[PDB]
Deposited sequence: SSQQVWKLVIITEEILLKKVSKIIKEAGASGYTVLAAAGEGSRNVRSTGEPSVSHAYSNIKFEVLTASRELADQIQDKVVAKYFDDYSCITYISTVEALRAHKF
């Protein structure tokens, strides 16, 4: 059977790659995945972070700090969803 984990998505400009990774890591996430992305909002010059955490509270802390620091001045969207992972694994 399975354990609930939270998946935090942050899509932002590529220039924020180092700062946002450091925020994810200093908040205690076990890792993150980055994908190269393009898009339009309101080539592949955006980055999509996906951060998995078994703590909904850790996902909120990361999202809150990235939104406070960079949402005003940088193209940034963010959202959260749940996924199921194997009980034996650690997120």
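Missing C-alpha coordinates mark just one deposited-sequence interval: 43 to 55.
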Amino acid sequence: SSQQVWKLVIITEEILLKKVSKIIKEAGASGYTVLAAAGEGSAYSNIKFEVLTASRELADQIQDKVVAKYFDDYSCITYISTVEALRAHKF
From here on, numbers count along this sequence of modelled residues.
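Missing-residue comparison: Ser42 falls in the unmodelled set for a third or more of the other PDB entries checked. Sort the chain's modelled residues by C-alpha temperature factor and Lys7 lands in the lowest third, per the entry.
Placement of the Cα temperature factor of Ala29 within the chain: highest third of the modelled residues, per the deposited record. Annotation for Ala59: CA B-factor lies in the middle third of the chain's modelled residues. Sort the chain's modelled residues by C-alpha temperature factor and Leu52 lands in the middle third, per the entry. When the modelled residues of the chain are ordered by their C-alpha B factor, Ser75 lands in the highest third.
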